[PDB]
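S.K.: Pasting in a structure now, in structure tokens, and then I'll have a few things to ask.
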Amino acid sequence: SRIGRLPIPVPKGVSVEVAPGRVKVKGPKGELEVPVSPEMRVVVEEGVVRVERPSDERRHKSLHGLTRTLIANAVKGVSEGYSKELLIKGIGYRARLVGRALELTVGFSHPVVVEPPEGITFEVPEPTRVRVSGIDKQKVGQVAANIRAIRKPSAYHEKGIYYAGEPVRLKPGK
Amino acid sequence: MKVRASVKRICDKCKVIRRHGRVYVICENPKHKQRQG
Amino acid sequence: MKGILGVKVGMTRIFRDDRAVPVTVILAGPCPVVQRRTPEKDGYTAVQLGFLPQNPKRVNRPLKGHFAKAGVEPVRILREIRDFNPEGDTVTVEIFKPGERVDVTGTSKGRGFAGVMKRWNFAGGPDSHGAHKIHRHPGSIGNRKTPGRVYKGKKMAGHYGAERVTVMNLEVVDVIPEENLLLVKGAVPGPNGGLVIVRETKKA
Amino acid sequence: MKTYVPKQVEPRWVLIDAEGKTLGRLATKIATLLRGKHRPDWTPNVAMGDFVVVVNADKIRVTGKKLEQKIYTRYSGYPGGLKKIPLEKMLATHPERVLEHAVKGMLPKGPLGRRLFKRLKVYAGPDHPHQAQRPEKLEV
Amino acid sequence: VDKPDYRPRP
RNA sequence: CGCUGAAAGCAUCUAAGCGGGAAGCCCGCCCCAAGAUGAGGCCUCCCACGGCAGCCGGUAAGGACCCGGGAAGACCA
RNA sequence: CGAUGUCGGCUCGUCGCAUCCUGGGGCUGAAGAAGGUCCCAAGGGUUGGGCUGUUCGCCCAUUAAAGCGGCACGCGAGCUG
Ligand SMILES: [Mg+2]
Ligand SMILES: [Mg+2]
Ligand SMILES: [Mg+2]
Ligand SMILES: [Mg+2]
Ligand SMILES: [Mg+2]
Ligand SMILES: [Mg+2]
Ligand SMILES: [Mg+2]
Ligand SMILES: [Mg+2]
Ligand SMILES: [Mg+2]
Ligand SMILES: [Mg+2]
Ligand SMILES: [Mg+2]
Ligand SMILES: [Mg+2]
Ligand SMILES: [Mg+2]
Ligand SMILES: [Mg+2]
Ligand SMILES: [Mg+2]
Ligand SMILES: [Mg+2]
Ligand SMILES: [Mg+2]
Ligand SMILES: [Mg+2]
Ligand SMILES: [Mg+2]
Ligand SMILES: [Mg+2]
Ligand SMILES: [Mg+2]
Ligand SMILES: [Mg+2]
Ligand SMILES: [Mg+2]
Ligand SMILES: [Mg+2]
Ligand SMILES: [Mg+2]
Ligand SMILES: [Mg+2]
Ligand SMILES: [Mg+2]
Ligand SMILES: [Mg+2]
Ligand SMILES: [Mg+2]
Ligand SMILES: [Mg+2]
Ligand SMILES: [Mg+2]
Ligand SMILES: [Mg+2]
Ligand SMILES: [Mg+2]
Ligand SMILES: [Mg+2]
Ligand SMILES: [Mg+2]
Ligand SMILES: [Mg+2]
Ligand SMILES: [Mg+2]
Ligand SMILES: [Mg+2]
Ligand SMILES: [Mg+2]
Ligand SMILES: [Mg+2]
Ligand SMILES: [Mg+2]
Ligand SMILES: [Mg+2]
Ligand SMILES: [Mg+2]
Ligand SMILES: [Mg+2]
Ligand SMILES: [Mg+2]
Ligand SMILES: [Mg+2]
Ligand SMILES: [Mg+2]
Ligand SMILES: [Mg+2]
Ligand SMILES: [Mg+2]
Ligand SMILES: [Mg+2]
Ligand SMILES: [Mg+2]
Ligand SMILES: [Mg+2]
Ligand SMILES: [Mg+2]
Ligand SMILES: [Mg+2]
Ligand SMILES: [Mg+2]
Ligand SMILES: [Mg+2]
Ligand SMILES: [Mg+2]
Ligand SMILES: [Mg+2]
Ligand SMILES: [Mg+2]
Ligand SMILES: [Mg+2]
Ligand SMILES: [Mg+2]
Ligand SMILES: [Mg+2]
Ligand SMILES: [Mg+2]
Ligand SMILES: [Mg+2]
Ligand SMILES: [Mg+2]
Ligand SMILES: [Mg+2]
Ligand SMILES: [Mg+2]
Ligand SMILES: [Mg+2]
Ligand SMILES: [Mg+2]
Ligand SMILES: [Mg+2]
Ligand SMILES: [Zn+2]
């Protein structure tokens, strides 16, 4: 039953330097700063980072898990990276890359152009599939949400922007 | 969203959540979504 | 944020593409810059402009000094335009091209002590049906014991006009540099002969 | 024998670094200094407290959710004329007012209390213009 | 709401 | 409505953190505004005059009075 | 009770929000358009007329809408009567 105590396997060759209230996580794909509570101790071991909590007080237990996972995700980010795929669905609906930017054709009277923020890379393998990639797990997931929101999945039709692996639940109309 | 003084689980998939000082009920069934008020 | 001082000369209409355009004609040029206000010196940025030449006989000594320090012949009016900083040592109508939109500030015509119907378009009282000596009166001014007073700002009779008014987003219809004329479409506060300020518009 | 009354005294200037101090509990001490009640010759009907210079007022602290929830209030006399400005914003726009407003309420009302508040000189940021007064740094 | 004069006219 | 996320191995918009989001709120526009006695600032002008933080006298820059007037105005301004 | 003028109208507002409209939103037995229902929202807006002393109400013609209340059933040293 526990996330804070479970150790963070750290592959070759990503580095983890601790500082009071932050840890820096470097890797093949860049750096990431994990702001982290003064109250938790982050502990650097052989090929392992661990986090330890001062007591079994509720707040401490809560900060504990969050902190491990925050670091664990940092670690994975700079090594493997992070990504989400979006499938576009429906007859008119298409994507294409205009330079580094993502242009969306989804049934509005105009196309929708999304700019990549620093750290995010847009990719369009087929035209009804978009891939958002980066080393920051939250940023990736966020930009994905942004893109998806441009045209939510309809309630009545397989139509709109869907996350990969997101189930189609429709309801009848008449 | 249903807004009421009595918030309860309606189906077995209903989940009671406390969020920003308020009681909600979240559920996969949208009808069951409630906030106390 | 260009601007200029000038006098309202009068209105007419011109014809432009088979259309009558009602215009006010403003004598604007030429305005010698006589001080620049700067962030280091003054704390903000703007240009004191002068306008219309004055008889030196009528310029007292403190004024003369101020003019002297600019190498500027004395002038009847000094007024600043904010956040404007012309490269020249002189501002003229040329800073406006026809088509541009401007804001014009004037001193409005003075109505003096105005009743409530002229000041605030109150409805006044009936003219018959029994109205007793109240045809142009304001009616009630309050409630009863609560609150027992009259609001600050309650519209009432009093002086009206001879006030600063700025009409906005007027089209520049034409500019005649050789005569320092700016032709603006519509109406501009105040009497003919009155001083006005023409600024680049703040609307988009 | 009648109680002693001080003849006019030369007023002491004092400097307080507000950074990180808790708004209300710094305020009461400022108030005391202003009244003059640290002085064994305290006299209630004359201004004989210290002039108080406070710096880093913008870095005052506040417990609980007050930044979001403490509302400062101004009535204009006009209909609808109650302005509500929250701590956050006040700090963000005129921070020295936050200390100022707190101390002011902890002074007596009346001519003298009004005068004492004039003896308080509060600054956001670490510096102040009262060097000519060589204000004595005070830990409170 | 019509209710009766409690005072007479002056 | 979210992202990321523990407590609570799952889940959770939240407990740490971040995002979107109203004709509404703050700014922005227009007008008043330093009696803002917390009486602000800038430019220019006068000057350190006689007799005994005070009184009396003559001036300086300047101002008022008076007059001719004014799309300013009840008088005043 | 050695007087706190009393319904309706006019005039002039100002506030509340349990919102009539306009803005934002959740659910819908929401395909769409249009609705219902609840939530946030008081910035602004909220028509002209026939009847009747009427407030109210009914009715005609429109409207985004034709909101409901407080202010001594707001307002007679303000008018009406
Ligand atoms: Mg290591
Ligand atoms: Mg240890
Ligand atoms: Mg249907
Ligand atoms: Mg029930
Ligand atoms: Mg059940
Ligand atoms: Mg759920
Ligand atoms: Mg003018
Ligand atoms: Mg007049
Ligand atoms: Mg009138
Ligand atoms: Mg008018
Ligand atoms: Mg009229
Ligand atoms: Mg009328
Ligand atoms: Mg009439
Ligand atoms: Mg009538
Ligand atoms: Mg009569
Ligand atoms: Mg008459
Ligand atoms: Mg009455
Ligand atoms: Mg009262
Ligand atoms: Mg006037
Ligand atoms: Mg032309
Ligand atoms: Mg005229
Ligand atoms: Mg002490
Ligand atoms: Mg300030
Ligand atoms: Mg008392
Ligand atoms: Mg979800
Ligand atoms: Mg999640
Ligand atoms: Mg569980
Ligand atoms: Mg939080
Ligand atoms: Mg938010
Ligand atoms: Mg979003
Ligand atoms: Mg925002
Ligand atoms: Mg609008
Ligand atoms: Mg001004
Ligand atoms: Mg002043
Ligand atoms: Mg001023
Ligand atoms: Mg004050
Ligand atoms: Mg001054
Ligand atoms: Mg005269
Ligand atoms: Mg006259
Ligand atoms: Mg009685
Ligand atoms: Mg009596
Ligand atoms: Mg009596
Ligand atoms: Mg009475
Ligand atoms: Mg009666
Ligand atoms: Mg009302
Ligand atoms: Mg409400
Ligand atoms: Mg709506
Ligand atoms: Mg619909
Ligand atoms: Mg349908
Ligand atoms: Mg709805
Ligand atoms: Mg609801
Ligand atoms: Mg409203
Ligand atoms: Mg209002
Ligand atoms: Mg209303
Ligand atoms: Mg008839
Ligand atoms: Mg009728
Ligand atoms: Mg009727
Ligand atoms: Mg009836
Ligand atoms: Mg409608
Ligand atoms: Mg009607
Ligand atoms: Mg009643
Ligand atoms: Mg009444
Ligand atoms: Mg009423
Ligand atoms: Mg009445
Ligand atoms: Mg009467
Ligand atoms: Mg009446
Ligand atoms: Mg009365
Ligand atoms: Mg009376
Ligand atoms: Mg009375
Ligand atoms: Mg009247
Ligand atoms: Zn359920």
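Going through the structure tokens in order, the chains are called A, B, and so on, while each chain numbers its residues from 1 and the ligands are numbered from 1 in the order shown.
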Return as number ranges by chain every polymer residue, whether protein, DNA or RNA, with at least one atom no more than 12 Å from an atom of ligand 38; count only C-alpha atoms (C1' of nucleotides) and all ligand atoms.
M.R.: F: 65-70, 72-73, 76-77
S.K.: Counting only C-alpha atoms (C1' of nucleotides) and all ligand atoms, what residues are within 12 Å of ligand 31, given as JSON, numbers by chain?
M.R.: {"F": [19, 20, 21, 22]}
S.K.: Please save N, CA, C and O atoms (P, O5', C5', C4', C3', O3' and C1' of nucleotides) of the selected residues as a PDB file, in the first residue's frame.
M.R.:
```
ATOM      1  P     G F  19      -0.895  29.330 -13.650  1.00  0.00           P
ATOM      2  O5'   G F  19      -1.846  28.439 -14.565  1.00  0.00           O
ATOM      3  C5'   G F  19      -1.683  28.482 -15.968  1.00  0.00           C
ATOM      4  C4'   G F  19      -2.621  27.567 -16.722  1.00  0.00           C
ATOM      5  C3'   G F  19      -3.931  28.144 -17.212  1.00  0.00           C
ATOM      6  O3'   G F  19      -3.790  29.001 -18.317  1.00  0.00           O
ATOM      7  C1'   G F  19      -4.293  26.003 -16.356  1.00  0.00           C
ATOM      8  P     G F  20      -4.598  30.378 -18.350  1.00  0.00           P
ATOM      9  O5'   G F  20      -6.055  29.926 -18.793  1.00  0.00           O
ATOM     10  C5'   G F  20      -6.287  29.306 -20.028  1.00  0.00           C
ATOM     11  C4'   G F  20      -7.632  28.637 -20.040  1.00  0.00           C
ATOM     12  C3'   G F  20      -8.855  29.515 -19.978  1.00  0.00           C
ATOM     13  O3'   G F  20      -9.161  30.155 -21.197  1.00  0.00           O
ATOM     14  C1'   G F  20      -9.138  27.656 -18.605  1.00  0.00           C
ATOM     15  P     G F  21      -9.632  31.689 -21.139  1.00  0.00           P
ATOM     16  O5'   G F  21     -10.934  31.609 -20.230  1.00  0.00           O
ATOM     17  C5'   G F  21     -12.066  30.908 -20.705  1.00  0.00           C
ATOM     18  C4'   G F  21     -13.131  30.825 -19.666  1.00  0.00           C
ATOM     19  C3'   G F  21     -13.614  32.144 -19.115  1.00  0.00           C
ATOM     20  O3'   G F  21     -14.549  32.684 -20.031  1.00  0.00           O
ATOM     21  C1'   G F  21     -13.358  30.534 -17.368  1.00  0.00           C
ATOM     22  P     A F  22     -14.554  34.229 -20.459  1.00  0.00           P
ATOM     23  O5'   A F  22     -15.731  34.743 -19.559  1.00  0.00           O
ATOM     24  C5'   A F  22     -16.318  35.972 -19.858  1.00  0.00           C
ATOM     25  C4'   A F  22     -17.704  36.025 -19.335  1.00  0.00           C
ATOM     26  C3'   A F  22     -18.156  37.397 -18.908  1.00  0.00           C
ATOM     27  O3'   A F  22     -18.647  38.091 -20.011  1.00  0.00           O
ATOM     28  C1'   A F  22     -18.719  35.819 -17.271  1.00  0.00           C
TER      29        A F  22
END
```
S.K.: Give the residues of chain C that lie within 12 Å of chain G; count only C-alpha atoms (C1' of nucleotides), and format the answer as a ChimeraX atom specification.
M.R.: /C:116-117,120-156
S.K.: Could you go through stretch 21-73 of chain C and tell me which residues DSSP, when run on the backbone, assigns to strand (DSSP E), listing them as a list in words?
M.R.: residues 21, 22, 23, 24, 25, 26, 27, 31, 32, 33, 34, 35, 36, 37, 46, 47, 48, 49, 50, 51, 52 and 53 of chain C
S.K.: Find the residues near residue C:175: any atom within 10 Å, counting only C-alpha atoms (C1' of nucleotides), skip ones fewer than 6 places away on the same chain, and give them as a PDB file with C-alpha atoms, in the first residue's frame.
M.R.:
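Result written to out.pdb:
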```pdb
ATOM      1  CA  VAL C  25     -12.764  73.578 -39.701  1.00  0.00           C
ATOM      2  CA  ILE C  26      -9.896  73.972 -37.233  1.00  0.00           C
ATOM      3  CA  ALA C  28      -4.184  74.095 -36.025  1.00  0.00           C
ATOM      4  CA  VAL C  93      -1.164  69.923 -39.122  1.00  0.00           C
ATOM      5  CA  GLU C  94       1.078  67.691 -41.236  1.00  0.00           C
ATOM      6  CA  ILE C  95       1.100  65.193 -38.353  1.00  0.00           C
ATOM      7  CA  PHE C  96      -2.396  64.265 -39.521  1.00  0.00           C
ATOM      8  CA  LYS C  97      -3.302  62.625 -42.861  1.00  0.00           C
ATOM      9  CA  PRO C  98      -6.868  62.542 -44.178  1.00  0.00           C
ATOM     10  CA  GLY C  99      -8.530  59.334 -43.102  1.00  0.00           C
ATOM     11  CA  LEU C 181      -6.403  73.946 -41.644  1.00  0.00           C
ATOM     12  CA  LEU C 182      -7.598  70.678 -40.322  1.00  0.00           C
ATOM     13  CA  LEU C 183     -11.086  69.585 -41.434  1.00  0.00           C
ATOM     14  CA  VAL C 184     -12.762  67.229 -39.095  1.00  0.00           C
TER      15      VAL C 184
END
```
S.K.: Would you name the residues within 8 Å of ligand 40, counting only C-alpha atoms (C1' of nucleotides) and all ligand atoms, and put them as a list in words?
M.R.: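 The distance check yields residues 1, 3 and 4 of chain G.
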S.K.: Could the residues of chain A that have an atom at most 8 Å from ligand 2 be listed as CSV, each with its closest atom pair and the distance in Å to one decimal, counting only C-alpha atoms and all ligand atoms and ordered by chain and ascending residue number?
M.R.:
```
residue,atom,partner,partner_atom_place_in_ligand_line,distance
A:41,CA,ligand 2,1 (Mg),8.0
A:43,CA,ligand 2,1 (Mg),7.6
A:52,CA,ligand 2,1 (Mg),7.1
```
S.K.: Find the residues in chain G near chain A: any atom within 12 Å counts, using only C-alpha atoms (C1' of nucleotides). Write them as a list in words.
M.R.: residues 29, 30, 31 and 32 of chain G
S.K.: Can you write out the residues you just picked, keeping C-alpha atoms (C1' of nucleotides), as a PDB file, in the first residue's frame?
M.R.:
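The result, written out as result.pdb:
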```pdb
ATOM      1  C1'   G G  29     -36.350  12.233 -21.454  1.00  0.00           C
ATOM      2  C1'   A G  30     -29.890  18.046 -24.956  1.00  0.00           C
ATOM      3  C1'   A G  31     -29.546  15.136 -33.051  1.00  0.00           C
ATOM      4  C1'   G G  32     -30.091  20.273 -34.901  1.00  0.00           C
TER       5        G G  32
END
```
S.K.: I'd like to know which of G:33, G:58, G:17, G:40 is closest to ligand 54, using only C-alpha atoms (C1' of nucleotides) and all ligand atoms.
M.R.: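 Among G:33, G:58, G:17, G:40, it is G:17 that comes nearest to ligand 54.
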S.K.: Find the spatial neighbours of residue G:66, counting only C-alpha atoms (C1' of nucleotides), within a cut-off of 8 Å - ignore same-chain residues fewer than 5 positions away - and output them as a count of residues only.
M.R.: 3
S.K.: Residues within 9 Å of ligand 37 should be enumerated using only C-alpha atoms (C1' of nucleotides) and all ligand atoms and returned as a ChimeraX atom specification.
M.R.: /F:34,39-41
S.K.: Using only N, CA, C and O atoms (P, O5', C5', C4', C3', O3' and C1' of nucleotides), please write the residues we just selected to a file, as a PDB file, in the first residue's frame.
M.R.:
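After the write, out.pdb holds the following:
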```pdb
ATOM      1  P     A F  34      -6.394  69.628  -7.263  1.00  0.00           P
ATOM      2  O5'   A F  34      -5.830  68.701  -6.099  1.00  0.00           O
ATOM      3  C5'   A F  34      -6.383  68.777  -4.795  1.00  0.00           C
ATOM      4  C4'   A F  34      -5.331  69.109  -3.766  1.00  0.00           C
ATOM      5  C3'   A F  34      -4.555  70.411  -3.997  1.00  0.00           C
ATOM      6  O3'   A F  34      -4.093  70.948  -2.758  1.00  0.00           O
ATOM      7  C1'   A F  34      -3.071  68.614  -4.042  1.00  0.00           C
ATOM      8  P     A F  39       1.993  66.993   1.699  1.00  0.00           P
ATOM      9  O5'   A F  39       0.928  68.105   1.355  1.00  0.00           O
ATOM     10  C5'   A F  39       0.143  67.958   0.207  1.00  0.00           C
ATOM     11  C4'   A F  39      -0.595  69.227  -0.089  1.00  0.00           C
ATOM     12  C3'   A F  39       0.242  70.448  -0.299  1.00  0.00           C
ATOM     13  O3'   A F  39       0.775  70.439  -1.581  1.00  0.00           O
ATOM     14  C1'   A F  39      -1.612  70.984   1.034  1.00  0.00           C
ATOM     15  P     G F  40       2.081  71.272  -1.923  1.00  0.00           P
ATOM     16  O5'   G F  40       3.083  70.201  -2.562  1.00  0.00           O
ATOM     17  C5'   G F  40       3.510  69.063  -1.826  1.00  0.00           C
ATOM     18  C4'   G F  40       3.879  67.911  -2.734  1.00  0.00           C
ATOM     19  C3'   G F  40       4.699  68.268  -3.949  1.00  0.00           C
ATOM     20  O3'   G F  40       6.068  68.350  -3.674  1.00  0.00           O
ATOM     21  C1'   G F  40       2.839  67.005  -4.642  1.00  0.00           C
ATOM     22  P     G F  41       6.906  69.595  -4.243  1.00  0.00           P
ATOM     23  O5'   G F  41       7.257  69.171  -5.724  1.00  0.00           O
ATOM     24  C5'   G F  41       7.765  67.901  -6.005  1.00  0.00           C
ATOM     25  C4'   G F  41       7.616  67.639  -7.459  1.00  0.00           C
ATOM     26  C3'   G F  41       8.244  68.673  -8.344  1.00  0.00           C
ATOM     27  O3'   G F  41       9.610  68.442  -8.505  1.00  0.00           O
ATOM     28  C1'   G F  41       6.082  68.238  -9.100  1.00  0.00           C
TER      29        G F  41
END
```
S.K.: Using only C-alpha atoms (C1' of nucleotides) and all ligand atoms, what are the residues with an atom within 8 Å of ligand 66, set out as an MDAnalysis selection string?
M.R.: chainID G and resid 7:9 76
S.K.: Deliver the residues from the most recent selection as a file, using C-alpha atoms (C1' of nucleotides), as a PDB file, in the first residue's frame.
M.R.:
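Contents of result.pdb, as written:
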```pdb
ATOM      1  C1'   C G   7     -54.988  55.314  -1.552  1.00  0.00           C
ATOM      2  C1'   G G   8     -53.819  55.906  -6.895  1.00  0.00           C
ATOM      3  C1'   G G   9     -51.167  58.954 -10.476  1.00  0.00           C
ATOM      4  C1'   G G  76     -48.365  66.197  -1.004  1.00  0.00           C
TER       5        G G  76
END
```
